[PDB]
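Chemist: Below is the sequence, then the experimental coordinates.
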There are 2 protein chains.
Amino acid sequence: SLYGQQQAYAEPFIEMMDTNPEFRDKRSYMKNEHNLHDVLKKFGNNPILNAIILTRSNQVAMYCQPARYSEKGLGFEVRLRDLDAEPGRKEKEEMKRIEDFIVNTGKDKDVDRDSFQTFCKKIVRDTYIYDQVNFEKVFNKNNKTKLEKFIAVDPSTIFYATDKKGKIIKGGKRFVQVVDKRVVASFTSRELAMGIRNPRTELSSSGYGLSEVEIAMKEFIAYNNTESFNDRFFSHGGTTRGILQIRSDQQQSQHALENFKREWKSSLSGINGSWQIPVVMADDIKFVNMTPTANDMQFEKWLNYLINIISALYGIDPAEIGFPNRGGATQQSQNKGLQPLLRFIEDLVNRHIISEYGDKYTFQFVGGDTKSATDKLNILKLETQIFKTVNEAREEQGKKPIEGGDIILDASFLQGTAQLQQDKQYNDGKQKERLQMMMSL
Amino acid sequence: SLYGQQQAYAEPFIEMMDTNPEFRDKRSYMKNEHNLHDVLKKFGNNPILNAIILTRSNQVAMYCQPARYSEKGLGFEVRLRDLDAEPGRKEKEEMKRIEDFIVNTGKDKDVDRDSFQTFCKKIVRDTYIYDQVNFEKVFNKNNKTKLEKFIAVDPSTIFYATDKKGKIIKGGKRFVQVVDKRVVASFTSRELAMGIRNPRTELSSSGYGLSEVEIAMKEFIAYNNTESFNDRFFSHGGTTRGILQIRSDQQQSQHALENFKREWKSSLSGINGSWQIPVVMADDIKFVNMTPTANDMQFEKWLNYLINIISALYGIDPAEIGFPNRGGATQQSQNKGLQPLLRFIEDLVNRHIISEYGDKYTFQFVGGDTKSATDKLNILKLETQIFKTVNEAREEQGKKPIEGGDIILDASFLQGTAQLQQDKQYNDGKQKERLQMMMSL
């Protein structure tokens, strides 16, 4: 079963003829194709698709460092789940260790291993080519419970493993790695993640994703063709402006025509000839125009239309990649497109890595804050009216408490205490004079 | 192994026929080419690509000096990792030494060695041509643990070394330098860095990067062709405006025609002839127009389109390099393109150089601050209400404490202490009169 024991079927009830009994084929949406990822692999060098992948992965790479060490606060942090909790002495260190582990992508430092930045750039590229992310989790050999590394794996090699009954394996070796159409490795759900952005309930989708490259493939082909068309004017075309027709009772001999070519070029070619005019006394002379006097690119609107569609599927403003936005206006779309990718990476990290440390922690990317010394002083300038005595503030600075602190900085607070002092001095007088009268009587 | 021992294969399982058993070839994306960097080397003189490389490396060069000595605060600094730590007496000097070492690119001063500026300009050029940065680390001959120099190395000469089993070497001499297709040097991971901006999980990518010159190569070729086309009007073209057809019962002899050319030029050429009109009494006279009356460049939109694509791959505004932005609007893109390059250089420096000094330190580029004397006085003008006595402020200035300091500059603070004084004088009176009554009784 794909998810678990259920009485609704979640896979094709009759076993479709997969090429191999051991794994589920990545069939195209229409089943017109069975090797979809080798189709999509051909577009991974497309310049528009790479402009999208590079702009997004450059945006993502800025978060990869820890916010803890980044004075602007931009980055990621490992945090307790509850905002109300205060972390214990050991929890603060465990969170710092998990942060360090993520940064190093593993327990020890090793320059030969990917950084978290390289990992994120990899999986972003994989999401936007394949809509499939995989990374292997490597556990300590002596202690299978202890995670040592996580490494990104080529998604085109990873397939769901299938039982002889055609059911997807659960609980066992759920995944296989296939190279040259033989299984070279296998993995449990514990050892390999799979992440998908565009899920489907469709039974024949078999749990695989859906690439925008598949959806937009016609548009990419049309783009490629219009690019080749415009380039072939130079690469393959006839640029010839026209034909100079000279006509007389009979055509010139080839010798005559070649020394007429010498008369021409020695008198009229280049800068040296540039403003001379030939005189010719042929019976008639005509020039036939075969091209426009002013050539430029064609199908510009067609290209714009195509790229507006492809950008709309990926959720990017064409203006970000150098194309007119046919909507005619518009940052908001950048935010709307980048935030889901960040959340997807967060979801993967939380489910697969942090879950080794248990549910008390959470991994989140965090933006900066507008909490300068000025802003903190404005806040405390209100908190000292509302809450804080001078000495609480100074203690929060690590500055020694002062005699004459322990007061709120409000004139009414002091006017109250000045009242209460008099109240005390009156009750003291009243009670002492009562006692003195009782002792007199 | 590329990264480390793993059960997922990270390289082509069957050894592909590399040209040499000893190193991994830099195959093109489609494997259409095996000598990719000698292809890319031909574009390193491209004017558009150099306009990008020069504008970026000029932007980067401003950071290269230390912020410590730069009164505007712009530059780099070596810092403790934790923002909460206060550096020890020896740590402050070690950080200054590491800064000096970076500036000098080595232990001693030597005018023959690259400065950090020259190093950064080099590796920026290398990133944007090859997407591969290499620098060698040279250790002291007497003490292999002590770093003496780091020097940038030609990335086109550096290849991954491969075992006889076709596996990339790890732990040993991971890198070789190849010149004239023979190995002239070898390096461990300790002795040579490799940096890559555009990583791939693709098994056949073999750990190498992906140049935008490779992706955009068709666009660069189209650009080159359209430039040659527009130049060849002058360099090679016929600029001839038209043919003056004069016609009569028979063509003039060559002698007649050459002395007609003398009659023409002596009467009509240059400024001297400029406003005279010839009278001619031929049977018929015709002028055939062979070019437009007003010539200008062609395919301007095509060029703009191409450069907008190339700029979008590199992440630069065309307006920065003298082209219309086809998006029609837009600094933000400059920031978005320069910040990743800075972070990449930071990541390389942290992983490879600072790591010799251990994880307690961090290298970062830092911008200036808006912390003039005015801003500091505004901040302290609030801190002296919220936190600081006069004497703490003066001590922070190195100015002697004054009698009548030790007070917060708030009227309520003084009104409180003026209360508390009276409170003391009352309790003093009460307690002394209590004692005097006890002694009387």
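Modeler: The structure has been received and is ready for your questions. Numbering: from 1, shown residues only, chains lettered A, B, ... in the order given.

Chemist: which residue ranges form the helices in chain A?
Modeler: Secondary structure of chain A (DSSP state H): helices located at A:36-40, A:47-61, A:89-104, A:116-130, A:212-215, A:217-235, A:254-268, A:300-314, A:332-352, A:373-386, A:390-396, A:411-440.

Chemist: Out of these, which is closest to residue B:133?
Modeler: Smallest distance to residue B:133 across the helices of chain A (C-beta to C-beta): 13.6 Å, for helix A:116-130. In this view, the C-beta of every residue, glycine as well, is placed from N, C-alpha and C.

Chemist: Could you double-check that residue A:104 sits in contact with residue A:113?
Modeler: Yes - using C-beta atoms under 8 Å, residue A:104 is in contact with residue A:113, at 7.3 Å.

Chemist: ok, residues contacting stretch A:247-264?
Modeler: A:278, A:282, A:283, A:284, A:285, A:286 (C-beta atoms under 8 Å, 6 or more residues apart in numbering or on different chains).

Chemist: The third one: what's its closest spatial neighbour, skipping adjacent residues?
Modeler: Yep, that's residue A:283 we're talking about. residue A:248 (4.9 Å; C-beta to C-beta, 6 or more residues apart in numbering or on different chains).

Chemist: how many neighbours does the one you found have?
Modeler: Neighbourhood size, residue A:248 [other C-beta atoms under 10 Å in any protein chain shown]: 11.

Chemist: before we move on, what about residue A:296?
Modeler: Applying other C-beta under 10 Å, we find 13 residues neighbouring residue A:296.

Chemist: For the residue nearest to residue A:170 when sequence neighbours are not counted, the count of nearby residues, please.
Modeler: Distances taken as C-beta to C-beta, 6+ apart place residue A:1 nearest to residue A:170, at 5.1 Å, with adjacent residues excluded. Other residues near residue A:1 come to 14 when the count uses other C-beta under 10 Å.

Chemist: give me every residue that touches residue A:1.
Modeler: Counting by C-beta under 8 Å, 6+ apart, residue A:1 has contacts A:10, A:11, A:167, A:168, A:170.

Chemist: Put together JSON lines for those, with neighbour count on each row.
Modeler: Shown next, in JSON lines, are these (neighbours: other C-beta atoms under 10 Å in any protein chain shown):
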{"residue": "A:10", "neighbour count": "15"}
{"residue": "A:11", "neighbour count": "19"}
{"residue": "A:167", "neighbour count": "14"}
{"residue": "A:168", "neighbour count": "19"}
{"residue": "A:170", "neighbour count": "15"}
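
Chemist: returning to what we had before: closest one to residue B:160 among the helices of chain A?
Modeler: Among the helices of chain A, helix A:116-130 sits nearest to residue B:160 (C-beta to C-beta), with 15.9 Å.

Chemist: and the angle from the closest one to helix A:332-352?
Modeler: Taking axes from the mean of the first three to the mean of the last three C-alpha atoms, to 10 degrees, helix A:116-130 and helix A:332-352 form an angle of 110 degrees between their directions.

Chemist: what packs against helix A:116-130?
Modeler: With contacts taken as 3 or more C-beta pairs under 8 Å, 6 or more residues apart in numbering or on different chains; DSSP states H and E, helix A:116-130 sits against helix A:36-40, helix A:47-61, strand A:134-139, strand A:147-153, helix A:332-352.

Chemist: May I have the residues that are in contact with the nearest residue to residue A:58 once chain neighbours are set aside?
Modeler: Nearest residue to residue A:58 in three dimensions, chain neighbours excluded: residue B:340, at 4.8 Å (C-beta to C-beta, 6+ apart). Contacts here follow C-beta under 8 Å, 6+ apart; on that basis residue B:340 touches A:58, A:61, A:62, B:197, B:315.

Chemist: Could you pull up the contacting residues of residue A:132?
Modeler: A:126, A:155, A:158, A:194, A:195, A:196, A:208, A:209.

Chemist: Specify the beta-bridge partners of the nearest residue to residue A:356 once chain neighbours are set aside.
Modeler: What sits nearest to residue A:356 in space, not counting adjacent residues and going by C-beta to C-beta, 6+ apart, is residue A:147, at 5.0 Å. Note on residue A:147: beta-bridge partners residue A:139, judged by DSSP bridges.

Chemist: for the one 5 residues further on, same thing?
Modeler: Each beta-bridge partner of residue A:152 is listed here: residue A:135, as defined by DSSP bridges.
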